[PDB]
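[1] the data below comprise the sequence and an experimental structure of the protein.
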Amino acid sequence: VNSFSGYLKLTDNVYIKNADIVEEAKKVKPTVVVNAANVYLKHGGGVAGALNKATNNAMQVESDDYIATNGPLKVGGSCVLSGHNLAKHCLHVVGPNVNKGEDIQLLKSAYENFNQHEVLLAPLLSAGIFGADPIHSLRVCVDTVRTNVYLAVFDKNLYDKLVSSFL
Ligand SMILES: O=C(O)[C@@H]1C[C@H]2CC[C@@H]1CN(c1ncnc3nc[nH]c13)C2
């Protein structure tokens, strides 16, 4: 039993809710919140900008030190950093950005990072400003992630479409 509430069960291990991931993280304090990161960990907008804003920019300060030490992430890769006031840990995962011409096949590699964590609160990777089809992203998630994932979808219209079209 865990503290996630109000989710629709899609599969054995994938759950979904119309929710603001920032507000959901603030209430649940999950072990792991996933950020929709880019390779530079520049958290300017979308989910990343919202999460970072909720940390009062502490996420960005920590991220800048990480990059200065380690260099950029790979598209499809991840790193574990602090969850600040939102979660124990933040798993920064880089899905391909279609608006940058990155290969969508890398979306499966991106979701594989979730399998290193037993339970996660997450957005749909490569959705929103990353330009991928969220229906496709959900399919890859379900077919790739084997650990327990609680997906937060900000847009109510999109949430209803994801549920209604789910096979
Ligand atoms: O989930 C959505 O509605 C869409 C799919 C992804 C890209 C575009 C939007 C928003 N984006 C998000 N942006 C900011 N906070 C969020 N909390 C959950 N998801 C959030 C996620």
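    Okay, I see it. Numbering: from 1, shown residues only.
[2] please make it C-alpha for all contacts and neighbour counts, starting now.
    OK.
[3] pull out the buried positions in stretch 72-92.
    By neighbour count on 16 or more other Cα atoms under 10 Å, the buried set for stretch 72-92 is 73-79, 81-87, 89-92.
[4] just the residues you listed: which are in strands?
    78-79, 81-82, 89-92 (DSSP state E).
[5] need the residues you listed in TSV (columns: distance to residue 98).
    As requested, these are exported to TSV (distance: Cα to Cα, whole Å):
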residue	distance to residue 98
78	18
79	21
81	25
82	28
89	27
90	23
91	21
92	18
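[6] kindly indicate which of those residues lies nearest residue 110.
    Comparing those against residue 110 with Cα to Cα places residue 78 closest, at 7.6 Å.
[7] so how many other residues sit close to the closest residue to the closest one other than its chain neighbours?
    Distances taken as Cα to Cα, 6 or more residues apart in numbering place residue 93 nearest to residue 78, at 4.4 Å, with adjacent residues excluded. Burial of residue 93 is recorded as 30 neighbouring residues (other Cα atoms under 10 Å).
[8] these two touch, right, residue 93 and residue 77?
    Yes. Judged on Cα atoms under 8 Å, residue 93 makes contact with residue 77 at a distance of 5.9 Å.
[9] any common contacting residues for these two?
    Residues touching both residue 93 and residue 77 comprise 110, 113, with contact defined as Cα atoms under 8 Å, 6 or more residues apart in numbering.
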